[PDB]
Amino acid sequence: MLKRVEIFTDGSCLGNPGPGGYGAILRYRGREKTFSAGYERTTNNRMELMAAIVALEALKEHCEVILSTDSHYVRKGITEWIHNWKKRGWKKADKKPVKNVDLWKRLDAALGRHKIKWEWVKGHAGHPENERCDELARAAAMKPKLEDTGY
């Protein structure tokens, strides 16, 4: 029986673009672990992706993950865009480079190390953990200590 883990994520800027942060929650056997970091300058989209990436890269072994996020950006990427992007050497249809390809590749690599069940949520309403992730993001964005070199 594989390890079952629940992951919740969210991320954003105090002002987009500008200071930003991510927030993630890993829950296993009724125990939760917080994840958060802030960047001097980034975008909402990047923070939305980073949250998922960091949470997944935290898993030290192959797990069954139930990732819940209200990020339309992440949803579209995983459901639709990533598939076509890889078939074109990570390029859009209109010849154009995939934005934040550095993060997308990183995410794609992390997803492959686990069996993931994506849960696209509408928003914070009815989703306590995701709202909490947003708060962790804000706190981090208020005192960012990292630089988003990929931005």
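One-based numbering along the sequence shown.
Two stretches are in play, 95-103 and 22-30, and the higher mean C-alpha B-factor belongs to 95-103.
Two stretches are in play, 116-124 and 49-57, and the higher mean C-alpha B-factor belongs to 116-124. Looking at the C-alpha B-factors along this chain, the one for residue 1 belongs to the highest third. In the deposited entry, the Cα temperature factor of residue 37 places it in the lowest third of its chain's modelled residues.
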